[PDB]
């Protein structure tokens, strides 16, 4: 048994997920080990993506832990994400099948539209012209979404959702004529310096689950993230609270999300921090602590993905 939330399609999502992205210079071997450790520690939800270039390793971890008798497939919730070179509707299922082939899994539990800006089809995930300009594409995300819904009907994705959508883009999908399956979730950046209250309430109102990424203040990797931005975990109130509960600032940040009805991801490739993070289910925060964490909010977005700024669908 483990804590899950009922999704709007009737499937269940474990409320703590294991983030698997690491910078290109971390060897891929470390993903294999880290995901095995995550499963051993009690993570039942694993979050990856095509663009993380780790699905071979992440899939091997999962296969290994099923084959070794540690876990059944039905007690792993695995998420992949459709990258923006395959937004064209005819390209959606091939991209999902490619991920499945890399993973050697029969299905993903969740398939997400990773980012709403589309780029040119082909093998390169960030296609550039000869002068280094990103090659943007124009695609109707409503047609992308229909192709996702067919992947669900094919059984290849148990559930489908989105990521890095704003209000407008979610409404675009929700208000789509002939809409068959709402998104189960919107995975977006969320932490005490960017608590997303507005978008969170919107999602709740539509029974869409908000899935928090960079819940611990992000990988802080250059050039994805500005090195001058404030370190979330160094925050005095979070450290005060941690010290008080004999926990860690990370644990306080993750607990904050769980109590406000957000599903929270946490990446770590460190054995001790992997085990530490599952301790989020061992303590609880009072209303006064929760309000204190709310007051940290300061509109700090770590992940702008601004190399994809310009086209209309850029979400921030």
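Definition used throughout: the rigid core is the maximal C-alpha set that superposes within 1.5 Å between two forms. Numbering follows the first chain given and starts at 1.
Superposing on the core and measuring CA offsets in 8 other deposited structures of this protein, the stretch of 239-247 and 125-133 with the greater mean deviation is 125-133.
Just going by the entry, 232-240 versus 125-133 on mean CA temperature factor gives the higher value to 232-240. Taking the mean C-alpha B-factor of each stretch as recorded, 288-296 and 5-13 are not equal, and the higher mean is that of 288-296.
Across the options 81, 87, 93, 180, the residue with the most elevated CA B-factor in the record is 180. Note on 120, 206, 158, 114: the highest value goes to 206, judged by CA B factor as recorded. Split the chain's modelled residues into thirds by C-alpha temperature factor. Residue 54 is in the lowest one. When all modelled residues of the chain are sorted by CA temperature factor, residue 110 is found within the lowest third. Split the chain's modelled residues into thirds by C-alpha temperature factor. Residue 174 is in the highest one. Sort the chain's modelled residues by C-alpha temperature factor and residue 48 lands in the lowest third, per the entry.
In the PDB entry, a CA B factor belonging to the lowest third of its chain's modelled residues is recorded for residue 63.
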